file protein23.cif (mmCIF, C-alpha atoms and all ligand atoms; chains and numbers go by the auth columns)
data_query
loop_
_atom_site.group_PDB
_atom_site.id
_atom_site.type_symbol
_atom_site.label_atom_id
_atom_site.label_comp_id
_atom_site.label_asym_id
_atom_site.label_seq_id
_atom_site.Cartn_x
_atom_site.Cartn_y
_atom_site.Cartn_z
_atom_site.B_iso_or_equiv
_atom_site.auth_seq_id
_atom_site.auth_asym_id
ATOM 1 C CA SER A 1 12.493 26.787 25.006 0.00 11 A
ATOM 2 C CA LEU A 2 9.454 26.296 22.790 0.00 12 A
ATOM 3 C CA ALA A 3 11.924 26.584 19.919 0.00 13 A
ATOM 4 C CA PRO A 4 11.894 22.807 19.205 0.00 14 A
ATOM 5 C CA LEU A 5 8.153 23.048 18.668 0.00 15 A
ATOM 6 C CA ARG A 6 8.598 26.026 16.312 0.00 16 A
ATOM 7 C CA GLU A 7 11.329 24.180 14.455 0.00 17 A
ATOM 8 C CA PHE A 8 9.090 21.185 14.044 0.00 18 A
ATOM 9 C CA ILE A 9 6.191 23.306 12.705 0.00 19 A
ATOM 10 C CA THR A 10 8.342 25.130 10.166 0.00 20 A
ATOM 11 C CA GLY A 11 10.278 21.987 9.219 0.00 21 A
ATOM 12 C CA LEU A 12 7.086 20.049 8.581 0.00 22 A
ATOM 13 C CA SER A 13 5.600 22.980 6.697 0.00 23 A
ATOM 14 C CA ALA A 14 8.669 23.009 4.432 0.00 24 A
ATOM 15 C CA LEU A 15 8.334 19.296 3.805 0.00 25 A
ATOM 16 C CA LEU A 16 4.634 19.572 2.911 0.00 26 A
ATOM 17 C CA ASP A 17 5.392 22.568 0.654 0.00 27 A
ATOM 18 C CA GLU A 18 7.060 20.001 -1.655 0.00 28 A
ATOM 19 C CA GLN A 19 3.720 18.203 -2.127 0.00 29 A
ATOM 20 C CA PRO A 20 5.221 14.851 -1.055 0.00 30 A
ATOM 21 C CA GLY A 21 3.466 11.487 -1.326 0.00 31 A
ATOM 22 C CA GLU A 22 2.212 9.981 1.935 0.00 32 A
ATOM 23 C CA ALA A 23 5.079 7.482 2.175 0.00 33 A
ATOM 24 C CA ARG A 24 7.601 10.322 2.255 0.00 34 A
ATOM 25 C CA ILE A 25 5.466 12.337 4.669 0.00 35 A
ATOM 26 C CA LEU A 26 5.394 9.430 7.096 0.00 36 A
ATOM 27 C CA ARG A 27 9.154 8.728 6.832 0.00 37 A
ATOM 28 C CA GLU A 28 10.604 12.245 6.667 0.00 38 A
ATOM 29 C CA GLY A 29 7.827 13.626 8.888 0.00 39 A
ATOM 30 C CA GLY A 30 8.542 10.734 11.224 0.00 40 A
ATOM 31 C CA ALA A 31 12.188 11.816 11.516 0.00 41 A
ATOM 32 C CA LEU A 32 11.112 15.418 12.187 0.00 42 A
ATOM 33 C CA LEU A 33 8.799 14.299 14.952 0.00 43 A
ATOM 34 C CA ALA A 34 11.386 11.931 16.449 0.00 44 A
ATOM 35 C CA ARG A 35 13.723 14.927 16.687 0.00 45 A
ATOM 36 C CA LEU A 36 11.033 16.854 18.550 0.00 46 A
ATOM 37 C CA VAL A 37 10.265 14.050 21.019 0.00 47 A
ATOM 38 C CA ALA A 38 13.923 13.001 21.447 0.00 48 A
ATOM 39 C CA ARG A 39 14.399 15.580 24.187 0.00 49 A
ATOM 40 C CA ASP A 40 11.724 16.320 26.741 0.00 50 A
ATOM 41 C CA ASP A 41 12.627 19.941 27.450 0.00 51 A
ATOM 42 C CA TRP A 42 9.984 21.967 25.568 0.00 52 A
ATOM 43 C CA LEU A 43 6.452 20.865 26.487 0.00 53 A
ATOM 44 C CA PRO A 44 5.020 23.314 29.054 0.00 54 A
ATOM 45 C CA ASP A 45 3.408 21.708 32.119 0.00 55 A
ATOM 46 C CA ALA A 46 0.030 23.210 31.202 0.00 56 A
ATOM 47 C CA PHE A 47 -0.109 20.883 28.180 0.00 57 A
ATOM 48 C CA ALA A 48 0.889 17.805 30.188 0.00 58 A
ATOM 49 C CA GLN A 49 -1.817 17.720 32.849 0.00 59 A
ATOM 50 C CA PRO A 50 -3.988 14.599 32.971 0.00 60 A
ATOM 51 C CA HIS A 51 -7.746 14.528 33.520 0.00 61 A
ATOM 52 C CA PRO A 52 -9.056 12.056 36.131 0.00 62 A
ATOM 53 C CA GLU A 53 -11.616 10.456 33.763 0.00 63 A
ATOM 54 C CA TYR A 54 -10.614 11.194 30.167 0.00 64 A
ATOM 55 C CA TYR A 55 -7.362 11.269 28.242 0.00 65 A
ATOM 56 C CA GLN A 56 -6.639 14.851 27.127 0.00 66 A
ATOM 57 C CA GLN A 57 -6.153 15.953 23.507 0.00 67 A
ATOM 58 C CA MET A 58 -4.595 19.408 23.605 0.00 68 A
ATOM 59 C CA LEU A 59 -4.104 21.226 20.328 0.00 69 A
ATOM 60 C CA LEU A 60 -0.610 22.732 20.147 0.00 70 A
ATOM 61 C CA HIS A 61 -0.773 24.097 16.565 0.00 71 A
ATOM 62 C CA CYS A 62 -3.009 24.010 13.500 0.00 72 A
ATOM 63 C CA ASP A 63 -1.796 24.854 9.994 0.00 73 A
ATOM 64 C CA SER A 64 -3.734 27.712 8.351 0.00 74 A
ATOM 65 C CA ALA A 65 -4.245 25.607 5.220 0.00 75 A
ATOM 66 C CA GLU A 66 -5.150 22.617 7.462 0.00 76 A
ATOM 67 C CA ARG A 67 -2.369 20.495 6.006 0.00 77 A
ATOM 68 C CA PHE A 68 -1.606 19.343 9.543 0.00 78 A
ATOM 69 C CA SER A 69 -2.326 19.738 13.227 0.00 79 A
ATOM 70 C CA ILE A 70 -0.247 18.898 16.303 0.00 80 A
ATOM 71 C CA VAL A 71 -1.733 17.596 19.544 0.00 81 A
ATOM 72 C CA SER A 72 -0.384 16.725 22.993 0.00 82 A
ATOM 73 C CA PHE A 73 -2.066 13.474 24.089 0.00 83 A
ATOM 74 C CA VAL A 74 -1.915 13.192 27.866 0.00 84 A
ATOM 75 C CA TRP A 75 -2.556 9.706 29.250 0.00 85 A
ATOM 76 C CA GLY A 76 -3.660 9.524 32.849 0.00 86 A
ATOM 77 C CA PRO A 77 -2.701 6.284 34.627 0.00 87 A
ATOM 78 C CA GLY A 78 -4.217 3.274 32.853 0.00 88 A
ATOM 79 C CA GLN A 79 -6.198 5.328 30.337 0.00 89 A
ATOM 80 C CA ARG A 80 -7.113 3.971 26.901 0.00 90 A
ATOM 81 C CA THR A 81 -8.865 4.967 23.685 0.00 91 A
ATOM 82 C CA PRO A 82 -11.810 3.231 22.096 0.00 92 A
ATOM 83 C CA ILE A 83 -11.134 1.482 18.811 0.00 93 A
ATOM 84 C CA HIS A 84 -11.159 4.181 16.150 0.00 94 A
ATOM 85 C CA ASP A 85 -9.810 5.232 12.760 0.00 95 A
ATOM 86 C CA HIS A 86 -8.337 8.500 11.464 0.00 96 A
ATOM 87 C CA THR A 87 -9.114 8.784 7.694 0.00 97 A
ATOM 88 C CA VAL A 88 -5.954 10.869 7.215 0.00 98 A
ATOM 89 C CA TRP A 89 -2.271 10.202 7.861 0.00 99 A
ATOM 90 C CA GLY A 90 -1.016 10.396 11.406 0.00 100 A
ATOM 91 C CA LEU A 91 2.272 10.257 13.292 0.00 101 A
ATOM 92 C CA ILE A 92 2.566 9.501 16.986 0.00 102 A
ATOM 93 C CA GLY A 93 5.757 10.406 18.827 0.00 103 A
ATOM 94 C CA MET A 94 6.297 9.166 22.358 0.00 104 A
ATOM 95 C CA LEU A 95 7.472 11.874 24.735 0.00 105 A
ATOM 96 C CA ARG A 96 6.969 10.521 28.255 0.00 106 A
ATOM 97 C CA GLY A 97 6.194 7.063 29.567 0.00 107 A
ATOM 98 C CA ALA A 98 4.972 4.577 26.968 0.00 108 A
ATOM 99 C CA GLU A 99 1.865 3.323 25.207 0.00 109 A
ATOM 100 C CA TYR A 100 0.646 0.133 23.534 0.00 110 A
ATOM 101 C CA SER A 101 -1.087 0.263 20.181 0.00 111 A
ATOM 102 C CA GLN A 102 -3.266 -2.629 19.001 0.00 112 A
ATOM 103 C CA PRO A 103 -4.203 -2.821 15.312 0.00 113 A
ATOM 104 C CA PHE A 104 -7.686 -3.872 14.241 0.00 114 A
ATOM 105 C CA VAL A 105 -9.095 -4.722 10.842 0.00 115 A
ATOM 106 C CA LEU A 106 -12.743 -4.921 9.846 0.00 116 A
ATOM 107 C CA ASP A 107 -14.308 -8.325 9.208 0.00 117 A
ATOM 108 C CA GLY A 108 -16.942 -9.285 6.660 0.00 118 A
ATOM 109 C CA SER A 109 -19.769 -7.323 8.278 0.00 119 A
ATOM 110 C CA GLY A 110 -17.657 -4.319 9.240 0.00 120 A
ATOM 111 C CA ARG A 111 -16.828 -5.210 12.827 0.00 121 A
ATOM 112 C CA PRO A 112 -13.327 -4.665 14.242 0.00 122 A
ATOM 113 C CA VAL A 113 -11.213 -7.771 14.913 0.00 123 A
ATOM 114 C CA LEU A 114 -7.750 -8.038 16.460 0.00 124 A
ATOM 115 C CA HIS A 115 -4.935 -7.956 13.967 0.00 125 A
ATOM 116 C CA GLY A 116 -1.501 -8.970 15.189 0.00 126 A
ATOM 117 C CA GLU A 117 0.353 -8.296 18.400 0.00 127 A
ATOM 118 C CA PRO A 118 0.266 -4.855 19.997 0.00 128 A
ATOM 119 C CA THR A 119 3.383 -2.686 19.785 0.00 129 A
ATOM 120 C CA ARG A 120 4.963 -0.734 22.645 0.00 130 A
ATOM 121 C CA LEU A 121 6.010 2.816 21.766 0.00 131 A
ATOM 122 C CA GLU A 122 8.994 4.154 23.732 0.00 132 A
ATOM 123 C CA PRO A 123 10.119 7.761 24.263 0.00 133 A
ATOM 124 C CA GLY A 124 11.792 9.167 21.178 0.00 134 A
ATOM 125 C CA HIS A 125 10.087 6.679 18.843 0.00 135 A
ATOM 126 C CA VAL A 126 7.408 7.331 16.238 0.00 136 A
ATOM 127 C CA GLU A 127 4.630 5.239 14.682 0.00 137 A
ATOM 128 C CA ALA A 128 2.309 5.938 11.733 0.00 138 A
ATOM 129 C CA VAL A 129 -1.347 5.409 10.956 0.00 139 A
ATOM 130 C CA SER A 130 -3.271 6.018 7.722 0.00 140 A
ATOM 131 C CA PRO A 131 -5.961 4.567 5.437 0.00 141 A
ATOM 132 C CA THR A 132 -3.041 3.196 3.429 0.00 142 A
ATOM 133 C CA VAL A 133 -0.723 1.753 6.082 0.00 143 A
ATOM 134 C CA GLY A 134 -3.277 0.690 8.714 0.00 144 A
ATOM 135 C CA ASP A 135 -5.827 3.105 10.129 0.00 145 A
ATOM 136 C CA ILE A 136 -7.744 1.350 12.895 0.00 146 A
ATOM 137 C CA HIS A 137 -6.324 0.905 16.363 0.00 147 A
ATOM 138 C CA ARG A 138 -6.716 1.114 20.101 0.00 148 A
ATOM 139 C CA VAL A 139 -4.065 2.823 22.228 0.00 149 A
ATOM 140 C CA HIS A 140 -3.511 2.664 25.969 0.00 150 A
ATOM 141 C CA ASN A 141 -1.127 3.939 28.564 0.00 151 A
ATOM 142 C CA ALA A 142 1.541 1.292 29.153 0.00 152 A
ATOM 143 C CA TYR A 143 1.454 2.303 32.822 0.00 153 A
ATOM 144 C CA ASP A 144 -1.365 1.963 35.342 0.00 154 A
ATOM 145 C CA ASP A 145 0.475 4.220 37.787 0.00 155 A
ATOM 146 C CA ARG A 146 1.850 7.231 35.965 0.00 156 A
ATOM 147 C CA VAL A 147 1.234 9.758 33.242 0.00 157 A
ATOM 148 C CA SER A 148 2.393 9.135 29.671 0.00 158 A
ATOM 149 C CA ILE A 149 2.479 11.708 26.901 0.00 159 A
ATOM 150 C CA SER A 150 2.641 11.365 23.153 0.00 160 A
ATOM 151 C CA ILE A 151 2.707 14.144 20.495 0.00 161 A
ATOM 152 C CA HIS A 152 0.405 13.436 17.572 0.00 162 A
ATOM 153 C CA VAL A 153 0.612 15.011 14.117 0.00 163 A
ATOM 154 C CA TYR A 154 -2.268 14.502 11.667 0.00 164 A
ATOM 155 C CA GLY A 155 -2.740 15.382 8.001 0.00 165 A
ATOM 156 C CA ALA A 156 -5.736 17.648 8.801 0.00 166 A
ATOM 157 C CA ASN A 157 -7.280 19.677 11.656 0.00 167 A
ATOM 158 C CA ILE A 158 -7.893 16.435 13.588 0.00 168 A
ATOM 159 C CA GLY A 159 -10.417 18.043 15.921 0.00 169 A
ATOM 160 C CA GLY A 160 -12.589 18.657 12.866 0.00 170 A
ATOM 161 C CA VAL A 161 -12.261 15.338 11.000 0.00 171 A
ATOM 162 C CA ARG A 162 -15.424 13.264 10.671 0.00 172 A
ATOM 163 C CA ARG A 163 -14.262 9.733 11.356 0.00 173 A
ATOM 164 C CA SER A 164 -15.309 6.561 13.179 0.00 174 A
ATOM 165 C CA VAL A 165 -15.233 5.143 16.661 0.00 175 A
ATOM 166 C CA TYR A 166 -16.401 1.640 17.653 0.00 176 A
ATOM 167 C CA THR A 167 -18.710 0.847 20.530 0.00 177 A
ATOM 168 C CA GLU A 168 -17.789 -1.745 23.108 0.00 178 A
ATOM 169 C CA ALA A 169 -20.033 -4.339 21.321 0.00 179 A
ATOM 170 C CA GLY A 170 -18.285 -3.474 18.023 0.00 180 A
ATOM 171 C CA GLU A 171 -20.723 -1.148 16.218 0.00 181 A
ATOM 172 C CA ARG A 172 -19.432 1.772 14.111 0.00 182 A
ATOM 173 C CA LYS A 173 -20.377 5.326 15.144 0.00 183 A
ATOM 174 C CA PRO A 174 -19.563 8.717 13.627 0.00 184 A
ATOM 175 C CA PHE A 175 -16.955 10.567 15.621 0.00 185 A
ATOM 176 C CA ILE A 176 -15.365 14.075 15.741 0.00 186 A
ATOM 177 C CA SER A 177 -12.770 14.297 18.517 0.00 187 A
ATOM 178 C CA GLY A 178 -12.538 18.032 19.270 0.00 188 A
ATOM 179 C CA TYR A 179 -9.969 19.496 21.724 0.00 189 A
ATOM 180 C CA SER A 180 -9.626 19.845 25.529 0.00 190 A
ATOM 181 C CA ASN A 181 -7.919 23.223 25.548 0.00 191 A
ATOM 182 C CA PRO A 182 -9.097 26.808 25.049 0.00 192 A
ATOM 183 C CA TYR A 183 -5.477 27.975 24.825 0.00 193 A
ATOM 184 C CA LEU A 184 -2.571 27.075 22.577 0.00 194 A
ATOM 185 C CA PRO A 185 1.087 27.770 23.407 0.00 195 A
ATOM 186 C CA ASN A 186 3.026 30.632 21.783 0.00 196 A
ATOM 187 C CA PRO A 187 6.248 29.357 20.107 0.00 197 A
ATOM 188 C CA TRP A 188 6.537 32.394 17.835 0.00 198 A
ATOM 189 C CA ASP A 189 8.249 35.105 19.926 0.00 199 A
ATOM 190 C CA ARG A 190 11.742 35.478 18.389 0.00 200 A
ATOM 191 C CA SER A 191 12.476 38.783 20.145 0.00 201 A
ATOM 192 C CA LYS A 192 14.810 36.983 22.559 0.00 202 A
HETATM 193 FE FE FE B . -5.572 7.110 16.950 0.00 301 B
#
call {"tool": "encode", "arguments": {"input": "protein23.cif", "output": "structure tokens"}}
result
Amino acid sequence: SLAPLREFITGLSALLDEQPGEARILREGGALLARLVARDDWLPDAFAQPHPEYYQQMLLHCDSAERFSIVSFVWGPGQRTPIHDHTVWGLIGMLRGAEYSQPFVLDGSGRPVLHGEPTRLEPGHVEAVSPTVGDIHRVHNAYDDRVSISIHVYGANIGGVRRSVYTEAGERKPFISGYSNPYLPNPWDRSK
């Protein structure tokens, strides 16, 4: 039941064991994640509950060597992120509902400016971020009336990464996201 999550963890671990370049991580990791979010039959309800004020970032798994971490992002109705970056590679897989992602780039003085049209991420689909491919964005729930969920995989313990968020007026601030959950799931019991 949690087996798809275990299979993703061990599949991604095997991929990263090969010391791949980022481009291959995003592509072949992207396919691994799309397989995980293709069927919505594994995420326990406890990791899908929204918070009335804040979007939830629930850690599902962190790699011992901190090569990656997996998070359930639970969007309450109409919720959105600030503009922010990541500083490491990231893959976002849509599980439930949908989200819009808007790219930003920094201008001459380091302020974020709109870059292009936003994209809509649908269930089963995956999108990448990184310093290389485009790292700064704002994401929001495509729905103002229901919960959406995406599964995020980052090339570090994301809850510990020192990165940047932008204020509403467009100033840069240091940012460490942390996690909402004291408890992680247990996908490791192979006794049954
Ligand atoms: Fe992000």
call {"tool": "resolve_selection", "arguments": {"input": "protein23.cif", "expression": "the PyMOL selection byres (((chain A and resi 46) around 9) and not hetatm)", "output": "number ranges by chain"}}
result
A: 14-15, 17-18, 41-45, 47-50, 52, 103, 105, 134, 161
call {"tool": "residues_near_ligand", "arguments": {"input": "protein23.cif", "ligand": "ligand FE 301 (chain B)", "cutoff": "9 Å", "atoms": "all atoms listed in the file", "output": "ChimeraX atom specification"}}
result
/A:91-96,100,102,111,139,145-149,162
call {"tool": "resolve_selection", "arguments": {"input": "protein23.cif", "expression": "the PyMOL selection byres (((chain A and resi 185-188) around 8) and not hetatm)", "output": "ChimeraX atom specification"}}
result
/A:67,168-175,183-184,189-190
call {"tool": "closest_residue", "arguments": {"input": "protein23.cif", "among": "A:163, A:33, A:56, A:69", "to": "residue A:141", "atoms": "only C-alpha atoms"}}
result
A:33
call {"tool": "atom_distance", "arguments": {"input": "protein23.cif", "atom1": "atom CA of residue A:22", "atom2": "atom CA of residue A:152"}}
result
28.4 Å
call {"tool": "decode", "arguments": {"input": "protein23.cif", "residues": "stretch 17-70 of chain A", "atoms": "C-alpha atoms", "output": "PDB file, in the first residue's frame"}}
result
ATOM      1  CA  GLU A  17       9.693   1.700  -4.757  1.00  0.00           C
ATOM      2  CA  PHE A  18      10.190   5.346  -5.542  1.00  0.00           C
ATOM      3  CA  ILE A  19      12.735   5.797  -2.711  1.00  0.00           C
ATOM      4  CA  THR A  20      14.790   2.768  -3.711  1.00  0.00           C
ATOM      5  CA  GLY A  21      14.477   3.509  -7.436  1.00  0.00           C
ATOM      6  CA  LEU A  22      15.680   7.071  -6.968  1.00  0.00           C
ATOM      7  CA  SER A  23      18.455   5.904  -4.668  1.00  0.00           C
ATOM      8  CA  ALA A  24      19.629   3.504  -7.390  1.00  0.00           C
ATOM      9  CA  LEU A  25      19.605   6.283  -9.954  1.00  0.00           C
ATOM     10  CA  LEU A  26      21.627   8.632  -7.728  1.00  0.00           C
ATOM     11  CA  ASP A  27      24.073   5.797  -6.938  1.00  0.00           C
ATOM     12  CA  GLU A  28      25.221   6.201 -10.575  1.00  0.00           C
ATOM     13  CA  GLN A  29      26.342   9.785  -9.859  1.00  0.00           C
ATOM     14  CA  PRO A  30      24.240  11.162 -12.742  1.00  0.00           C
ATOM     15  CA  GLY A  31      24.387  14.735 -14.040  1.00  0.00           C
ATOM     16  CA  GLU A  32      21.443  16.971 -13.137  1.00  0.00           C
ATOM     17  CA  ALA A  33      19.860  16.707 -16.594  1.00  0.00           C
ATOM     18  CA  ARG A  34      19.555  12.940 -16.211  1.00  0.00           C
ATOM     19  CA  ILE A  35      18.347  13.261 -12.622  1.00  0.00           C
ATOM     20  CA  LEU A  36      15.549  15.564 -13.726  1.00  0.00           C
ATOM     21  CA  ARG A  37      14.506  13.365 -16.689  1.00  0.00           C
ATOM     22  CA  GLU A  38      14.889   9.862 -15.246  1.00  0.00           C
ATOM     23  CA  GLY A  39      13.936  11.065 -11.753  1.00  0.00           C
ATOM     24  CA  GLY A  40      10.984  12.791 -13.379  1.00  0.00           C
ATOM     25  CA  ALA A  41       9.800   9.475 -14.846  1.00  0.00           C
ATOM     26  CA  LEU A  42      10.195   7.779 -11.448  1.00  0.00           C
ATOM     27  CA  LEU A  43       8.113  10.450  -9.780  1.00  0.00           C
ATOM     28  CA  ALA A  44       5.469  10.407 -12.527  1.00  0.00           C
ATOM     29  CA  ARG A  45       5.104   6.675 -11.865  1.00  0.00           C
ATOM     30  CA  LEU A  46       4.563   7.402  -8.177  1.00  0.00           C
ATOM     31  CA  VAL A  47       1.960  10.130  -8.754  1.00  0.00           C
ATOM     32  CA  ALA A  48       0.236   8.309 -11.648  1.00  0.00           C
ATOM     33  CA  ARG A  49      -1.970   6.414  -9.213  1.00  0.00           C
ATOM     34  CA  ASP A  50      -3.387   8.022  -6.110  1.00  0.00           C
ATOM     35  CA  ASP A  51      -3.631   4.913  -3.942  1.00  0.00           C
ATOM     36  CA  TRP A  52      -0.676   5.201  -1.529  1.00  0.00           C
ATOM     37  CA  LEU A  53      -0.660   8.559   0.277  1.00  0.00           C
ATOM     38  CA  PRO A  54      -2.143   8.091   3.773  1.00  0.00           C
ATOM     39  CA  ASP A  55      -4.813  10.633   4.765  1.00  0.00           C
ATOM     40  CA  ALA A  56      -2.632  11.895   7.622  1.00  0.00           C
ATOM     41  CA  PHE A  57      -0.219  13.349   5.048  1.00  0.00           C
ATOM     42  CA  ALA A  58      -2.987  14.975   2.999  1.00  0.00           C
ATOM     43  CA  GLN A  59      -4.653  17.192   5.591  1.00  0.00           C
ATOM     44  CA  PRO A  60      -4.697  20.926   4.864  1.00  0.00           C
ATOM     45  CA  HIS A  61      -4.068  23.689   7.393  1.00  0.00           C
ATOM     46  CA  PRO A  62      -6.573  26.582   7.438  1.00  0.00           C
ATOM     47  CA  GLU A  63      -3.886  29.302   7.131  1.00  0.00           C
ATOM     48  CA  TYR A  64      -0.700  27.753   5.742  1.00  0.00           C
ATOM     49  CA  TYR A  65       0.109  25.222   3.054  1.00  0.00           C
ATOM     50  CA  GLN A  66       1.613  22.104   4.670  1.00  0.00           C
ATOM     51  CA  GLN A  67       5.049  20.663   3.851  1.00  0.00           C
ATOM     52  CA  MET A  68       5.142  17.151   5.275  1.00  0.00           C
ATOM     53  CA  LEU A  69       8.394  15.237   5.066  1.00  0.00           C
ATOM     54  CA  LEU A  70       7.777  11.690   3.821  1.00  0.00           C
TER      55      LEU A  70
END
